[PDB]
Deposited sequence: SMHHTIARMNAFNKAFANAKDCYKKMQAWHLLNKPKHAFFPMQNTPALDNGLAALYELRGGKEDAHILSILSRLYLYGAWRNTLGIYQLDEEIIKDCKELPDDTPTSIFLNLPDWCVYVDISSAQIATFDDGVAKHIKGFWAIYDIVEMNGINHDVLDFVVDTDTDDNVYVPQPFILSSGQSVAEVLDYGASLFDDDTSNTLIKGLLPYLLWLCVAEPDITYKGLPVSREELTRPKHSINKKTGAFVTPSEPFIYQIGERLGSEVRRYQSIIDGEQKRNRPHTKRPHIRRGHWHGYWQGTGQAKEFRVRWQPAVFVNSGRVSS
């Protein structure tokens, strides 16, 4: 009855007793530096705890992945606990999600509602593979970041895979948006300053599910009722005017995406089945992400939208 992400975050906060302190510091940095897209840069995470910096600046800091685990989860939870958004994608939509068109602008992934969203795609039956160890992907966090490749600050989108395991690898995977380049350019042809490739292919795979939160006209429902993108970007966290402290949600806001569409598809399949149950002497054309460019006003833009499933009878 309590989501696994919340349970694991609550566990972390308990086991690393300095967690609440670090979030407050992050909050302080946020309010002062007023970042436009991110909430708190990953780079700055050594500052939050002094013991972590002391153990991270020994030879063995970038070698110890447990410290990087701590820092990654501080960076992630600190941004995520202010909104606690969980977006469950519908079956009949997850299936039709395949890789996006390769010239989609990165810029459209600057349109997330919150600083960090958790996307639930366990109905995709996608797994993650590492050295003989295969793990089912329950979901993933998309969280913003501001990074410094020296002298320059870029807008990066980080992905954190959730496999619901004790040894989950929470180390964020970056995907630079600040460039004018499309998804293909960055991810595919290695133009990014991040060239790890395994991470880049993993990100590309994640992209088609994350797109729903960046569309101008989302099928988001909260508890069965439509959410306008206007209402979705409304603030959740409350800031105290005298103290400066943050008031955060006690429970997550679990949304559903593509549920009208899913129901429609379920009903189409129901007609097919009914026809086959009465045997008298009728198919679904699957939906898909569709990309195109209006290319008007001289400014070149690439538009992607969901082309829905269609009952062909």
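- The chain's deposited sequence has unresolved stretches at 282 to 285, 318 to 323, with no C-alpha coordinates there.
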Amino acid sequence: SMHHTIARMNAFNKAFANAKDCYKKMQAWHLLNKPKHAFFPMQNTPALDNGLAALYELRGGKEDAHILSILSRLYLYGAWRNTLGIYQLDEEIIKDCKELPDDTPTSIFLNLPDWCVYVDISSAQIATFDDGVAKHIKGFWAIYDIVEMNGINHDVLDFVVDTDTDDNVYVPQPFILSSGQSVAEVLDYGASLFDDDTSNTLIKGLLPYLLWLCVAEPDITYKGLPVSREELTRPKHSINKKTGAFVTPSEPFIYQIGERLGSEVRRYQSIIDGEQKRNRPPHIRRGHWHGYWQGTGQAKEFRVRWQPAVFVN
From here on, numbers count along this sequence of modelled residues.
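- Stretches 87 to 95 and 230 to 238 differ in mean CA B factor, with 230 to 238 having the higher one.
- Mean C-alpha B-factor is higher over 49 to 57 than over the other stretch, the pair under comparison being 49 to 57 and 248 to 256.
- As recorded in the entry, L187 carries the highest CA temperature factor of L187, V215, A142, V161.
- For the set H66, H288, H30, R278, the maximum C-alpha B-factor listed in the entry falls on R278.
- In the PDB entry, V265 places in the middle third of its chain by CA B-factor.
- When all modelled residues of the chain are sorted by CA temperature factor, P174 is found within the lowest third.
- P101: CA B factor in the highest third of modelled residues in this chain (values from the PDB entry).
- Sort the chain's modelled residues by C-alpha temperature factor and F16 lands in the middle third, per the entry.
- Among all modelled residues in its chain, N82 ranks in the lowest third by Cα B-factor.
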